[PDB]
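Only one chain comes next, encoded as structure tokens, the form deposited in one PDB entry.
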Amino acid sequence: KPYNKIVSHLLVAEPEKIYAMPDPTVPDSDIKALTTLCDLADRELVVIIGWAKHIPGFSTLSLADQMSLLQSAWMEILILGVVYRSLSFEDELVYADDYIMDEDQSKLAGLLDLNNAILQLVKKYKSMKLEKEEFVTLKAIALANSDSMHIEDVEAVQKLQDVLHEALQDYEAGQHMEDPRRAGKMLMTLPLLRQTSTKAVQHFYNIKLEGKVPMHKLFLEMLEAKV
């Protein structure tokens, strides 16, 4: 009854906010916004890798299977983060406290369609009143459910999926008794997340080939894995 330990644990393992710090010496331009965003992503992925080791069972997989999960799920983790930070805002995406993209900046950056898809994720979660407890559980599920076609131990990854789905089911059964289907509702938000992340990955891989926007090693490695 007090509530689910995995959800508690995920809460306290939630990394601290990080700043985008767009270079205040560089004139605004699409290249500046895209450099800034992929710079921020590269920093967030460091923190994401650290965070994953908090997920029960995760650090017990092979390094290869750890990497495979992260290489598949990184973009959905990143997007769920900007979605969650944006729930109190209206038509704006809080990439960071100092980097809030409105429609006008989305257009300038060539990101109007993707950001509009991400806004559709925010809109659904706003209506569902997504809680931080659910947000963290969904990030972890998104990692374990990431559909890497490279898993060595398929059964241990399906066990990690089970563990986390259970934590979601138990959280919802204790906290959200008014809706016996709230857990399933949350799971059904995942296909739009996968959809958007698939398009974001394509967008950014294209940006990388085109080579106008500098990217860092970690973000490039993730970008370069199965796409």
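Start at 1 and count along the sequence shown; that's the residue number. Definition used throughout: the rigid core is the maximal C-alpha set that superposes within 1.5 Å between two forms.
Which segment is farther from the shown form on average in 8 other deposited structures of this protein after a rigid core fit, 23-31 or 66-74, going by CA atoms?
It is 23-31 that deviates more in 8 other deposited structures of this protein.
Please work out whether 199-207 or 12-20 has the higher root mean square C-alpha deviation in 8 other deposited structures of this protein relative to the shown form, with the rigid core as fitting region?
Once the cores are fitted, 12-20 deviates more in 8 other deposited structures of this protein.
Which has higher Cα B-factors on average according to the PDB entry: 162-170 or 62-70?
Stretch with the higher mean C-alpha B-factor: 62-70.
Averaging the C-alpha B factors as listed in the entry, name the stretch that ends up higher: 173-181 or 186-194.
The stretch with the larger mean CA B-factor is 173-181.
Please work out which residue in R85, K124, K139, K107 has the highest C-alpha B-factor recorded for this crystal structure.
Most elevated C-alpha B-factor of the set, per the entry: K107.
Out of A144, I77, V94, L112, whose C-alpha atom has the biggest B factor in the entry?
Largest recorded C-alpha B-factor: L112.
Sorting the chain's modelled residues by C-alpha B-factor, tell me whether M128 ends up in the lowest, middle or highest third.
Ranked within chain, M128 CA B lands in the middle tercile.
Going by the CA temperature factor in the PDB record, which third of the chain does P214 belong to: lowest, middle or highest?
CA B-factor rank for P214: highest third.
Going by the CA temperature factor in the PDB record, which third of the chain does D98 belong to: lowest, middle or highest?
For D98, whose C-alpha B-factor we compare with every modelled residue in the chain, the answer is the middle third.
C-alpha B factor of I118, ranked within the chain: lowest, middle or highest third?
It belongs to the lowest third of the chain when residues are ordered by C-alpha B-factor.
Where does the C-alpha B-factor of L37 rank in its chain, lowest, middle or highest third?
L37: CA B-factor falls in the lowest third of its chain.
The same protein also exists as the form deposited with a partner chain bound; that form is not shown, yet it is the one meant from here on.
May I ask whether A20, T35 and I100 each come within 4.5 Å of the partner chain in the deposited complex, counting any non-hydrogen atom?
Looking in the deposited complex, the three residues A20, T35 and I100 all stay beyond 4.5 Å of the partner chain (heavy atoms).
With the partner left out here, check for me: in the deposited complex, does some heavy atom of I31 sit within 4.5 Å of the partner chain?
No, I31 is distant from the partner.
I'd like to check something about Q66: if you look in the deposited complex, is any of its heavy atoms closer than or equal to 4.5 Å to a heavy atom of the partner chain?
Yes, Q66 is a contact residue.
Is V7 close enough to the partner chain in the deposited complex to count, meaning some heavy atom within 4.5 Å?
Output for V7 is no: heavy atoms all beyond 4.5 Å of the partner chain.
May I ask you to check whether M177 falls inside a 4.5 Å heavy atom distance of the partner chain in the deposited complex?
Residue-level check for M177: no, no contact with the partner chain.
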